[PDB]
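Below is one structure, written out as structure tokens; the observations come after it.
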Amino acid sequence: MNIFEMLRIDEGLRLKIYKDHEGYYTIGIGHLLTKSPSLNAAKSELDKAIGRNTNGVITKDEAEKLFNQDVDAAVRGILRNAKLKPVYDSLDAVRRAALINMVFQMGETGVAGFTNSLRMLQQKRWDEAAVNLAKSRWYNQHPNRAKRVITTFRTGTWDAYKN
Ligand SMILES: [Cl-]
Ligand SMILES: [Cl-]
Ligand SMILES: [Zn+2]
Numbered sequence: 532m533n534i535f536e537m538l539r540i541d542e543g544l545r546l547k548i549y550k551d552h553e554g555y556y557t558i559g560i561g562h563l564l565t566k567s568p569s570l571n572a573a574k575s576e577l578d579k580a581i582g583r584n585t586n587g588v589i590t591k592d593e594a595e596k597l598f599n600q601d602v603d604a605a606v607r608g609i610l611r612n613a614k615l616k617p618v619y620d621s622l623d624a625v626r627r628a629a630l631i632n633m634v635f636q637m638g639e640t641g642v643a644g645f646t647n648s649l650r651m652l653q654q655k656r657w658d659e660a661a662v663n664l665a666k667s668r669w670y671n672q673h674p675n676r677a678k679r680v681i682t683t684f685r686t687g688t689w690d691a692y693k694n
């Protein structure tokens with residue numbers, strides 16, 4: 532398993548613009564288009580992102596392209612951040628993936644705000660981190676997804692994702 536497969540399971544794949552669980556316009560593999568309520572604004576953004584008049588629909592390949600770009604950006608977000616990098620650098624491969632997943636979902640800034648959990652993870656206090664991470668809006672709004680990520684941080688294995 533790897534980050535891509537992991538995120539593909541958590542985000543799914545949709546080829547037509549859709550409203551996500553937060554009520555925003557998204558497409559492909561969790562690719563947010565706009566937090567605005569206008570579909571037009573979302574189509575504009577889509578065309579801009581893809582480089583063609585899409586009419587709100589894209590191909591698998593195009594979705595995969597947005598996805599590669601998005602995963603790249605999450606990583607770069609991590610590496611650039613003073614609070615995230617040192618943690619990331621302390622972790623094993625599986626756990627790094629769980630950090631990336633969160634950054635992809637919520638943004639570098641968002642994750643950087645989990646001071647306490649970050650600190651526990653850096654100290655390798657897994658069980659503690661996992662409890663702390665669950666005390667969040669993130670967990671409460673996405674219990675199944677959040678449980679898969681937290682487990683991954685807890686065990687360092689891909690178990691939550693096997694299926
Ligand atoms: Cl793009
Ligand atoms: Cl969920
Ligand atoms: Zn959400």
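Using the numbering used here, the first residue of the sequence shown is number 532, and each one after it goes up by one.
Every residue, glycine too, gets a C-beta built ideally from N, C-alpha and C.
(1) Check the DSSP bridge columns for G559 and list the partner residues they point to.
(2) Tell me the rounded alpha-carbon separation between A677 and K550.
(3) Can you tell me which of the three DSSP states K596 falls into?
(4) Assuming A660 and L652 make a contact with CB atoms under 8 Å, what is their CB distance in whole Å?
(5) Is the beta carbon of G638 sitting closer than 8 Å to the one on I589?
(6) Does the separation of the CB atoms of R607 and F684 fall below 8 Å?
(7) Mind checking whether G561 and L577 have CB atoms under 8 Å apart?
(8) Less than 7 Å between the CB of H562 and some heavy atom of ligand 3, yes or no?
(9) Hey, could you find the ends of the alpha helix (DSSP H) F635 is sitting in?
(10) Assuming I631 and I534 make a contact with CB atoms under 8 Å, what is their CB distance in whole Å?
(11) Distance, Cα to Cα, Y670 vs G543?
(12) Can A643 and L597 be called in contact, C-beta distance under 8 Å?
Considering the structure as presented:
(1) Against the sequence shown, residue 559 aligns to sequence position 28. Answer by DSSP bridge pairing, in chain order: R545.
(2) As a first step, residue 677 must be located in the sequence shown, where it is residue number 146. As a first step, residue 550 must be located in the sequence shown, where it is residue number 19. Answer to the nearest angstrom: the Cα atoms are 20 Å apart.
(3) Residue numbering aside, residue 596 sits at position 65 when the sequence shown is read from its first letter. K596 falls in the helix class under three-state DSSP.
(4) For the purposes of this step, residue 660 is identified with residue 129 of the sequence shown, where counting begins at 1. For the purposes of this step, residue 652 is identified with residue 121 of the sequence shown, where counting begins at 1. The pair is a contact, with the Cβ atoms about 5 Å apart (cut-off 8 Å).
(5) As a working mapping, residue 638 is identified with position 107 in the sequence shown. As a working mapping, residue 589 is identified with position 58 in the sequence shown. Going by C-beta atoms, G638 is not nearer than 8 Å to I589.
(6) Reading the sequence shown from its first residue, position 76 is the one you call residue 607. Reading the sequence shown from its first residue, position 153 is the one you call residue 684. For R607 and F684, no; Cβs fall outside 8 Å.
(7) The residue given as residue 561 occupies position 30 in the sequence shown. The residue given as residue 577 occupies position 46 in the sequence shown. No, the pair does not count as a contact, with Cβ atoms beyond the cut-off.
(8) One-based indexing of the sequence shown puts residue 562 at position 31. Flag unset: Cβ of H562 not near ligand 3.
(9) Within the sequence shown, residue 635 is the residue found at index 104, counting from 1. For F635, the enclosing alpha helix (DSSP H) has its first and last residue at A624 to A643.
(10) Taking the sequence shown and counting its residues from 1, one reaches residue 631 at position 100. Taking the sequence shown and counting its residues from 1, one reaches residue 534 at position 3. Beta-carbon to beta-carbon, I631 and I534 are separated by about 5 Å, close enough to satisfy the 8 Å threshold.
(11) The count along the sequence shown starts at 1 and reaches residue 670 at position 139. The count along the sequence shown starts at 1 and reaches residue 543 at position 12. Looking at the two C-alpha atoms, the distance is approximately 19 Å.
(12) By one-based count along the sequence shown, residue 643 stands at place 112. By one-based count along the sequence shown, residue 597 stands at place 66. Contact: no.
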